[PDB]
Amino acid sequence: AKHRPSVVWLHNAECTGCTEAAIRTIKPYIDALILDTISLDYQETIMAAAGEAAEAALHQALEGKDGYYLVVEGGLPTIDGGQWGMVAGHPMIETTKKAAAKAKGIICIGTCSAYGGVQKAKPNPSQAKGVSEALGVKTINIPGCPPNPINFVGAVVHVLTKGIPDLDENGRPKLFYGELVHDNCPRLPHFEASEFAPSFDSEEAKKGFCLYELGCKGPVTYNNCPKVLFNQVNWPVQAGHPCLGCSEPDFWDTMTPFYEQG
């Protein structure tokens, strides 16, 4: 039996939307991924062990002879010595720091782990930080809120088989984040013709006009949403709603108000 690469997955300040995104993968499906391709050695959302048994499973994985890759979901709350975010009685920052020190690689799934995310939005009561921001280590960022499973599984597979993919300045793989959402939008011709919906109830909205005037952040957002879609069926602009810029750092503060232009 071939040895499968060990993956440790940590949950910090998160909503678990990223975990949920990951399990929507169909190439391959999640079962095939964790039975054939990787060894998911710690994942709080789905693991059988709990309490001390789960904590020992983590310690086992961190001490594995073959090493491990680290996936981090969620930002890190740093106020009060990190005590507003704890697992097994340890601050999340402390556990993420140890786990990162010896990782073969670190993948930040989601805008929260990559850049700080929603809990980092003003006035940031828990003093949340991105993983790279708090620890001072280079990460592979797979942002979005949550990212497309195609982007995450694509990155994970790429990292295990081919090495680190080429990254942009925000640490994002150019394979998935190399193009602006807007550049692949089926409403681009409407945008180029100045055909905008003035409101959601308007005849323009019903005809599928461009959503720029309703705050669409597609023109400043890097992601592959219109190209790959979500759940094999849709994406927000196709659903008549503007892009929020959810794959951009600190979008909660840079892209708001969401229904207005910068």
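Throughout, we count residues from 1 along the sequence that is shown.
Looking at mean Cα B-factors across 142-150 and 172-180, the upper value is held by 172-180. Just going by the entry, 153-161 versus 80-88 on mean CA temperature factor gives the higher value to 153-161. In this entry, the residue among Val233, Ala56, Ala205, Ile46 with the greatest C-alpha B factor is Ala205. Annotation for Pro123, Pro189, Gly110, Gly130: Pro189 ranks highest, by Cα B-factor. When the CA B factors of the chain's modelled residues are split into thirds, the value for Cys185 lands in the highest one. Looking at the C-alpha B-factors along this chain, the one for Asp36 belongs to the highest third. In the PDB entry, a CA B factor belonging to the lowest third of its chain's modelled residues is recorded for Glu73. Sort the modelled residues of the chain by CA B factor and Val8 lands in the lowest third. Among the modelled residues of the chain, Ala101 sits in the highest third by CA temperature factor in this PDB entry.
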